[PDB]
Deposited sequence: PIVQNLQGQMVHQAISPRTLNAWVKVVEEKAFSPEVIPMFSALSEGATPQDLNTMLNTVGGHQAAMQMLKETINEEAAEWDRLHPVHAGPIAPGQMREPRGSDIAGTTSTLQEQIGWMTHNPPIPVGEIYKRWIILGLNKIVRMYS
C-alpha cells in the first residue's frame, strides 16, 4: 500500500490472511475484512494478494471475468500524465510506479479504490453462487 511511498503488505499479514480466507471461504464476512486489509492498496498490491490467496479455480475465473467486464465498462465511461484505461486500473497493463502516479496526481484517480470495487463485485457474485 501507499503509506507515509509504497511498501508491500507484510508477509506475515498476507500469509495469515490466506488462512483466514480459507477458513471463511465464500462467506460474506470476508468482504469487509478485504476492505480493511486493502486500505491504501495499489492494483499491484491487490494482485499480489489475490494471487497469494489463490483458492477455488472456478471462483478465481469468475472473479477474473468480473474484473474484465468492469474494465470494459470503465473504458466505455471514461475513454482515454496519461490517463488510465480499464486494464491499467486492474494492474495488468500498468506499472506500480504508474499506479502510484495516478493515485497521487493533482487531481487524482484512485485506481486502487476503483479496482477494489470491481473485486468486491466479483466477491459478492461468488458469495451468491456458492450459497
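Enquirer: Deposited sequence versus model: which ranges have no CA atoms?
Expert: Comparing the full sequence with the modelled residues, the uncovered ranges come out as 5-10, 87-95.
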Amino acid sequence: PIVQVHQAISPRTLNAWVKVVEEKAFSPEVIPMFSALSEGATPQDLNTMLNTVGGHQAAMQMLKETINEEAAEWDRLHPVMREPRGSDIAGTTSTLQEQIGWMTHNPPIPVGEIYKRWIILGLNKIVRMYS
From here on, numbers count along this sequence of modelled residues.
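Enquirer: Comparing 5-13 with 112-120, which stretch shows the greater average C-alpha B-factor in the deposited entry?
Expert: It is 5-13 that shows the higher mean C-alpha B-factor.
Enquirer: Mean CA B-factor: is it higher for 101-109 or for 85-93?
Expert: Higher mean C-alpha B-factor in the PDB entry: 101-109.
Enquirer: Given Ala58, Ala71, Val30, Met49, identify the residue with the highest C-alpha B factor in the PDB entry.
Expert: Highest CA B-factor of the listed options: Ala58.
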